[PDB]
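Enquirer: Begin with these chain(s), straight out of the complex:
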Amino acid sequence: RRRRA
Amino acid sequence: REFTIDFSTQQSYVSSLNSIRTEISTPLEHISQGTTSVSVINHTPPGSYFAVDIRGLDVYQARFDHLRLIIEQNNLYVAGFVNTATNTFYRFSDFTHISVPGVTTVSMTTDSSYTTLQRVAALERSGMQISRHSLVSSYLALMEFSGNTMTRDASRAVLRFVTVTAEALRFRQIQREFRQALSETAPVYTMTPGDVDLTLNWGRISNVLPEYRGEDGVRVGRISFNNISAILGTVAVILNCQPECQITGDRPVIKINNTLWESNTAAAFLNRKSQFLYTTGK
């Protein structure tokens, strides 16, 4: 999973 | 719980962040000086959040005061934003498990990934500028926002506000670099590639630092700390090691020549075969 804000 | 982040001065801003950190996290025994530490987020059940009221965009004035951020407590992700004038919670698509009582919840089509937000914003974080003026503009964009799908200007606003709230909570380096923009000089903070790399390595750092026992340095991917003051000047709050703690394998660290390495990093440059055989074997 790519980085979440 | 609800906290305020007050942007009036550097003092008010740092004091706000320190209060949040004290309430939601506990210092590491081996990375703590005085009351300044690398702290681990206290366990909370999944879906627990805290609210952050934004204040002080106009220094010490009770205006621009209708924006609240909803932050998932275990991972410090911004789940969305609340317009307190309209009592409306705009919630990113990856946070349907976060329920806020008493508000109208607008479930958005947009997810909170930096990839999505940067695309919709047409704004890359590396080189992104943040000033007091652009935070006022961001505030106004979020108060004007309506609907279920993020707009360009709302996405730019979220990029700026997440950087100076949640990412600053995580990283004392970002707190230190950004806070200069709050001074009377009103300079501009420019987010650097190194700032961005820190945010992208937060989970990996979180898995490594609980193992630190005074080694001469720490190496996590592209991130290097050469002493305890580098650690403390850079990192403030880490995950409780959550899925972001592990990429693959089950070994947090390897100690090599009195440096604590993320095991995955060492494995990723030690998996080469003989160079002559690699290059001739086309």
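Expert: Happy to help now that I have it. Numbers count the residues shown, from 1 in each chain, chains lettered A, B, ... in the order given.

Enquirer: partner residues bridging the residue nearest to residue B:96 when sequence neighbours are not counted?
Expert: Counting by Cβ to Cβ, 6 or more residues apart in numbering or on different chains, residue B:96 lies nearest to residue B:107, which is 6.4 Å off, once chain neighbours are set aside. Any C-beta I mention is one placed from the backbone N, CA and C, and that applies to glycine too. Counting by DSSP bridges, residue B:107 is bridged to residue B:91.

Enquirer: pretty sure residue B:107 is touching residue B:149, no?
Expert: No. Taking Cβ atoms under 8 Å as the definition, residue B:107 is not a contact partner of residue B:149, at 10.8 Å.

Enquirer: which SS state does residue B:71 fall under?
Expert: Counting by DSSP: H, G, I helix; E, B strand; the rest coil, the backbone at residue B:71 sits in strand.

Enquirer: List the residues that contact the residue nearest to residue B:266 when sequence neighbours are not counted.
Expert: Nearest residue to residue B:266, sequence neighbours excluded (Cβ to Cβ, 6+ apart): residue B:254, at 5.5 Å. Residue B:254 makes contact with B:260-261, B:263, B:266, according to Cβ atoms under 8 Å, 6 or more residues apart in numbering or on different chains.

Enquirer: Check for me that residue B:254 belongs to a strand.
Expert: Yes. Counting by three-state DSSP, residue B:254 falls inside a strand.

Enquirer: Drop chain C onto that structure:
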Amino acid sequence: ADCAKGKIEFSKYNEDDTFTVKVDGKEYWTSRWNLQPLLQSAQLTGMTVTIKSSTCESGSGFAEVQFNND
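Expert: With chain C now in place:
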């Protein structure tokens, strides 16, 4: 086409000596020998990889890949 952009969910060395990665829920194989350690390093470090190929169905082959830090 940009077929997939994501983290490597697993990798596999195949009996025909090609190498498979699963990205975005789809499996892609490559016969490029140079890529085997590079793809494992990406998996180990959680790199985002972009698989580029003329067909994007699971089971397609590729020879072009980008390695990102984000």
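
Enquirer: Buried residues, the strand or helix carrying residue B:89. List them.
Expert: Assigned by DSSP states H and E, residue B:89 belongs to strand B:88-91. Buried residues in strand B:88-91, counted by 16 or more other Cβ atoms under 10 Å in any protein chain shown: B:88-91.

Enquirer: what helices or strands is it leaning on?
Expert: On a contact count with 3 or more Cβ pairs under 8 Å, 6 or more residues apart in numbering or on different chains; DSSP states H and E, strand B:88-91 meets strand B:78-83, strand B:104-107.

Enquirer: Phi, psi for residue B:249 please.
Expert: The phi and psi values for residue B:249, taken as degrees, to the nearest 10, are phi 70, psi -170.

Enquirer: So it is in contact with residue B:266, correct?
Expert: No. With contact defined as Cβ under 8 Å, residue B:249 does not reach residue B:266; the gap is 11.2 Å.

Enquirer: Among those two, which residue is more densely surrounded?
Expert: Set residue B:249 next to residue B:266 and count neighbours by other Cβ atoms under 10 Å in any protein chain shown: residue B:266 wins out with 16 against 10.

Enquirer: which is the next helix or strand following the helix or strand that one falls within?
Expert: Using DSSP H and E, residue B:266 maps to helix B:263-269. Counting by DSSP H and E, the next helix or strand C-terminal to helix B:263-269 is helix B:275-280.

Enquirer: Go ahead and add chain D:
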Amino acid sequence: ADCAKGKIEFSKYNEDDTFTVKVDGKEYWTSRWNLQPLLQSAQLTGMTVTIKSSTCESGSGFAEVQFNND
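Expert: With chain D now in place:
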């Protein structure tokens, strides 16, 4: 068949240049040269691997292995 899934308990370079790993209490050898560094790094980091072969008794050969993120 999927013969063994788990961490590598030891690895061994053999005099005939094959390479042995012990997984789930059973030893398996491979003649695939490229698997030697890939398996050692998997071993180093505690990566879960799945050995795939026609026979699964300890002492069997393999030419296929999956590197998992478990």
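
Enquirer: and the contacts of residue B:254, now that chain D is in?
Expert: Here residue B:254 is in contact with B:260-261, B:263, B:266, D:44 (Cβ under 8 Å, 6+ apart).

Enquirer: what's the answer for residue B:71, then?
Expert: Residue B:71 neighbours (Cβ under 8 Å, 6+ apart): B:49-52, B:77-79, B:165-166.

Enquirer: Could you check how far it is from chain D?
Expert: Distance of residue B:71 to chain D, computed by Cβ to the nearest Cβ, to the nearest Å: 28 Å.

Enquirer: repeat for residue B:270
Expert: From residue B:270 to chain D the distance is 6 Å (Cβ to the nearest Cβ).

Enquirer: That residue: neighbour count?
Expert: 16.

Enquirer: residues touching it, list them.
Expert: D:37, D:40-41, D:44.

Enquirer: So which of those reach chain C?
Expert: Restricting the contacts of residue B:270 to those within reach of chain C (Cβ under 8 Å from any Cβ of the partner chain) leaves D:37, D:41.

Enquirer: Let me have the contacts of residue B:270 in TSV, adding distance to residue D:63, neighbour count and secondary structure as columns.
Expert: As requested, the contacts of residue B:270 are exported to TSV (distance: Cβ to Cβ, whole Å; neighbours: other Cβ atoms under 10 Å in any protein chain shown; DSSP: H, G, I helix; E, B strand; the rest coil):
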residue	distance to residue D:63	neighbour count	secondary structure
D:37	16	20	helix
D:40	17	18	helix
D:41	19	25	helix
D:44	22	20	helix
